[PDB]
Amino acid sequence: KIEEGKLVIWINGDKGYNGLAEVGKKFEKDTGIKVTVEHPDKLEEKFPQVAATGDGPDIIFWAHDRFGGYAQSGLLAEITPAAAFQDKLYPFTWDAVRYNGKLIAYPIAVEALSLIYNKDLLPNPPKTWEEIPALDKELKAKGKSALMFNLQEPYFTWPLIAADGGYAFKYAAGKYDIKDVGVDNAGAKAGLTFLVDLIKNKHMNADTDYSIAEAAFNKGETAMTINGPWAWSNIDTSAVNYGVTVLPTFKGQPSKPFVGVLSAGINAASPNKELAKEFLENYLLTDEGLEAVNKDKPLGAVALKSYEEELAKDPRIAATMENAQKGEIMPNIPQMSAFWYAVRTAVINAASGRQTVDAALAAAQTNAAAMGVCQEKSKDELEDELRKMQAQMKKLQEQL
């Protein structure tokens, strides 16, 4: 059950949810309809579970890559923007939320990873990944490190993997070929090998996550990090004088980050579809709406032409757009769940030394494609559950 006459919206905890809530306050002030903004953990996984039961938020925010899966699973309502409203947003952002001929979400903003560097610590950032090892050695002598970024989410290491030729699904003849996966070719192998070598050579730690990497950079312990626009706000609050720039090259090739369009989908089971449309079209996707969210945590290059004309003047947004141009807009196909899970497992296993880069990537190629009932994620969850049950069994055998 979803309460009628109210809007519940879910958005990730790294985004400007407090700003989104202000927009909700304006909506409530004009209409009397309460808006509740929440940022639950494991959002992208939680939504498909509750939505399938007819429960969950009225509106779900995530990058566009998950939306095809949601739509295929019967979880999203088709959105019906009139022509005039569709002209307010960039066409390519609409393309990102089109699934099987139908618009399945409202595009909000374009996200791409950039290299973020400490200006005082490193006035001239490296153009290549190759020179990072020597840079780190010099900084260790000063009690610092070259680079820390999230190694637990494949999103962040993907630009290096794609740099020299790695790809997700081959786009051929108007479609993605789910039988043609590129996570195990020579370029992908070379990219991940470099990451793993950085860790082998004590220039990076395999255990480093989002939180640890952010804290190290914002406290001035590391000279560089890799992140998107949402992260700039916390860096501002800290004392670090930072620049946002083009990602380093690898083997002479640009890093190719996967570009995301933060998007707003409407729960198929919502009894407030028309309120959701009004909130999204008449309140959020306006100059005042996006500004409020942006002021909280920066959105990137927004989908709304009128407000983007302002943000484009920002050099950090230019760097963001340069990096996006060098990458590719993510597919939204249902198979993106398997791809992301496969690559997540490979990077983590290779980085920790449990699998070689080659073994890990060969397995990722297999898992990214395809099947359904017994996916890699499912087998892993089962094996974890069995281990947990075994543990309980031993503690019970002990008390017997």
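The numbering used is simple: start at 1 and walk along the sequence shown.
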Give the stretch, out of 50-58 and 354-362, with the larger mean C-alpha temperature factor in the deposited entry. 354-362
Could you check the entry and say whether 68-76 or 142-150 has the higher mean CA B-factor? 142-150
Residue, from 101, 252, 260, 327, that the PDB entry assigns the highest Cα B-factor: 252
Per the deposited entry, the peak Cα B-factor within the set 113, 231, 121, 264 goes to 121
Sorting the chain's modelled residues by C-alpha B-factor and splitting them into thirds places residue 21 in the middle
Using the B-factor values recorded in the entry, state whether the Cα atom of residue 156 falls in the lowest, middle or highest third among the modelled residues of its chain. lowest
Is the Cα B-factor recorded for residue 28 in the lowest, middle or highest third of its chain? highest
Mind checking which third residue 225 falls in for C-alpha B-factor across the chain? middle
Name the third of the chain's ranked CA B-factors that contains residue 132, choosing lowest, middle or highest. highest
